[PDB]
Amino acid sequence: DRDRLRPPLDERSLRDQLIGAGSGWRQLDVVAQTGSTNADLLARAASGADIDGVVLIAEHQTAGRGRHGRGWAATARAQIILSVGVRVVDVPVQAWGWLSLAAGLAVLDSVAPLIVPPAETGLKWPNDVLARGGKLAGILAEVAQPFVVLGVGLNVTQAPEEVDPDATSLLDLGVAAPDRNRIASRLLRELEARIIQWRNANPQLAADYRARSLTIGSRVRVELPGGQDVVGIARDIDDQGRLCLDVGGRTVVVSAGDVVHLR
Ligand SMILES: Nc1ncnc2c1ncn2COCCNS(=O)(=O)NC(=O)CCCC[C@@H]1SC[C@@H]2NC(=O)N[C@@H]21
Ligand SMILES: [Cl-]
């Protein structure tokens, strides 16, 4: 079935394209299986390793992490499962929130042309990559000074029945034979540019995010950490990467939470 549409990644090829002159990526490894690529890179940094510009890709992830203590389901060779290390200590802490937003924009730009784009194809705050209403990719940013580990889970041929009822994949969107080697290459290249833009506070980063946001201008219900709900209209993203809500004339700024686009 879908397994035949899932050939293995070419580590040697990815290294030839992404490592060398003109590229910031220093190290790239493809492992057959791990618990969590985010956990692994955090473990490396915890033992003194310099993970800046280091890429770890897993064909399969058995104990995937999600935001707010949730999980991330996956089957072998059905997704692009990677984590990258980013040195952030040179950047003010108030701007670290934009790093995760930049990541989702990069993931989206890497797969957007492969799709015609149906309704609801863009970014849901924080960095949910949505397509036709379904969650195409999820991003997780975890802190390990002086680094931030950026995690990306992109559904390539992953069936929604195998992971989550609200999930979608490139295959379920119409992409017949998605090449994970091509996509991963474009992903990390888009990611490199966005990280550089974030590090230098490039205005275009925020501009490109707004142009691809599905949340801004929509009536939403935001489920805050702690279990409280806030209903209003998303208006803008501030300089810290936080969602600014219009609640009956009052401005409510949210740093973290789950966004639901309402009727
Ligand atoms: N394949 C799925 N597709 C869509 N929804 C899903 C799926 N599998 C469960 N779900 C349901 O989503 C639960 C997670 N919800 S969430 O709070 O928004 N969290 C995220 O979306 C961030 C997940 C980040 C995963 C990446 S992948 C490699 C790296 N290592 C990690 O351990 N984490 C990062
Ligand atoms: Cl199917």
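- In its metadata, the entry names X-ray crystallography as the structure determination method and reports 2.24267703977 Å as the resolution.

## Remarks on the sheet that holds strand β10 (residues 219–223)
Phase 1 of the analysis: The antiparallel open sheet is built from five strands, whose spatial order is β13-β12-β11-β10-β14. Either end of the sheet is taken by a strand with one partner, and the two such strands are β13 (250–254) and β14 (258–261). Strand-to-strand, the axes of this sheet are offset by a mean angle of 45°, without reference to chain direction.
Phase 2 of the analysis: When strand β12 (residues 243–247) meets β13, the two strands line up antiparallel, connected through five bridges.

## Re unusual backbone geometry
Phase 1 of the analysis: Here the residue pair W125 and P126 is connected by a cis peptide bond, since its omega of 5° sits within 30 degrees of zero.
Phase 2 of the analysis: You can see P126 is positioned in the loop between β6 (122–124) and β7 (128–131).
Phase 3 of the analysis: With an omega of 0°, the peptide bond running from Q145 to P146 counts as cis.
Phase 4 of the analysis: The residue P146 is located in the loop between β8 (134–144) and β9 (147–155) in this model.
Phase 5 of the analysis: A positive phi angle, close to 55°, is found at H68, a residue other than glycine.
Phase 6 of the analysis: Tracing the backbone through its elements, the reader meets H68 in the loop between β3 (64–65) and β4 (71–72).
Phase 7 of the analysis: Here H68 falls in the partly exposed class, since its relative accessible area comes to 43%.
Phase 8 of the analysis: Within the chain, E120 stands out as a residue other than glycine whose phi angle is a positive 55°.

What counts and what doesn't
Residues numbered from 1 in each chain as written, not as in the entry; some residues may be left out. Chains lettered and ligands numbered in written order. Heavy atoms only, no water. Pairing = 2+ DSSP bridges. Helix = DSSP H or I, 4+ residues; strand = E, 2+ residues; numbered from the N terminus. Axes fitted to C-alpha atoms, helices over the stretch in contact; angles between N-to-C directions. Buried < 20%, exposed > 50% of the residue type's maximum accessible area, 1.4 Å probe, protein only.

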